[PDB]
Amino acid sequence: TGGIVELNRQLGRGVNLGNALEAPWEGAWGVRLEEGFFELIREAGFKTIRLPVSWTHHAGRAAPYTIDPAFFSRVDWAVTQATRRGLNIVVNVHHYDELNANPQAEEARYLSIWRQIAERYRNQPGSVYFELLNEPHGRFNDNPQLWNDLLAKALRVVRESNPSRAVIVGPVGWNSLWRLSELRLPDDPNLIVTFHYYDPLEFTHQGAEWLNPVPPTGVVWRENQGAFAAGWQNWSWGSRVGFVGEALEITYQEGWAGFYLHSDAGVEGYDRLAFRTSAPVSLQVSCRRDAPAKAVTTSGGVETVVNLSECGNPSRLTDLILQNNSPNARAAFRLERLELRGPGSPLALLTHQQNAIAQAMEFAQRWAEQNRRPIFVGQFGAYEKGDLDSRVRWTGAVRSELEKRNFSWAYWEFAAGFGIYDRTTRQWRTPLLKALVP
């Protein structure tokens, strides 16, 4: 055949049947599967269903951890409805609180679950894909090597009965592309690498009721909006930090407040930090956590440059802090420029939203090309609390960059809160669907 590259290409455009079998039981989170869903998805031009399945509530707590035959039968049914409509289907292990909380303790039960799944579907055609663990987090975030070791063990279990089926594997940080460099894979030739994409979280998860506190809404997304460079998260504290038009406004609202960008990936090869403020600002500059900061005072409209060796001297720059050098709050100012400099080409930390999407997909593609692995972006979507035009813009921009890079993908999700199909009106949410299938 064509190998794993062709299997990934055949994944093509896909959609998640979410809020369904990955809840503790089907319908617990609002979506019960129906046969007509598969037909609608096929008719809308998707080639693939991703089927999130949380198995732990359906398996014995004691060895041999047998999965409920009725639940297994429901997964059988979904596999059948996909296949009979000419769709691919990705079967995963999705939510698994116990495993993320204690990988070592829960390992045997998880591996038994995978052995049951792999043996049960061993004779399915190449249109059926396995996905070892959705979004590893918890202890896996603390020690990524736990996930590297576990995924290798689970892969060996799967390969005992499925010697060549495509197996989808992602990094920790909830399948964050920024943690790809911590992922380590065995030399198995039939692996597809996955990441999920929700940047910027302030927009895609605005109004998320599952968080405490609930993030604010009314966040708009536009290609030309200001943004931080891809992968630099706003970890600021004690401050109002935000783009207003072309300007990054910083209000230090308390003593020692900090403007703080953090990257899970980090960067190498820079030796200086350059920035410019609209007013003279007295700062503590730090580019390495728990390292000594350097005191600097800028002047309005005039660039200041600081050698990284003098404010923490990191080898891999992951944390960048401009801290209010004062026990009191400070009036708002504009950060007009912020860029890293080195022997090579500078890194502008301030950019625009569209370019941030492109930068993220370029980073993933560089990883995938270096490691010679195909890429499937198994989840991306913007929550319904955002205004629809912004969601359409974001969704189409993301899908476009994905396909420009020949990433296969699966939108989150078919129905419910990220949904593209309105089950009440029994109609597609047309502009969002068109963002995915133009």
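All residue numbers are counted from 1 along the displayed sequence.
For the pair 311 to 319 and 76 to 84, the record assigns the higher mean C-alpha temperature factor to 311 to 319. For the two regions 278 to 286 and 362 to 370, the entry's Cα B-factors average higher over 278 to 286. Take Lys385, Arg399, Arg50, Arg61 and read off each C-alpha B-factor from the entry; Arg61 has the highest. Highest CA B-factor among the listed residues (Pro136, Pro125, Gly301, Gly231): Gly301. Per-chain ranking of the deposited C-alpha B factor places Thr204 in the lowest third. Ranked by Cα temperature factor within the chain, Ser390 sits in the middle third according to the deposited record. Remark: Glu131 belongs to the lowest third of its chain, ranked by C-alpha B-factor as recorded. Per the PDB record, residue ranking by Cα B-factor puts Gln353 in the lowest third of the chain. Ranked by Cα temperature factor within the chain, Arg334 sits in the middle third according to the deposited record.
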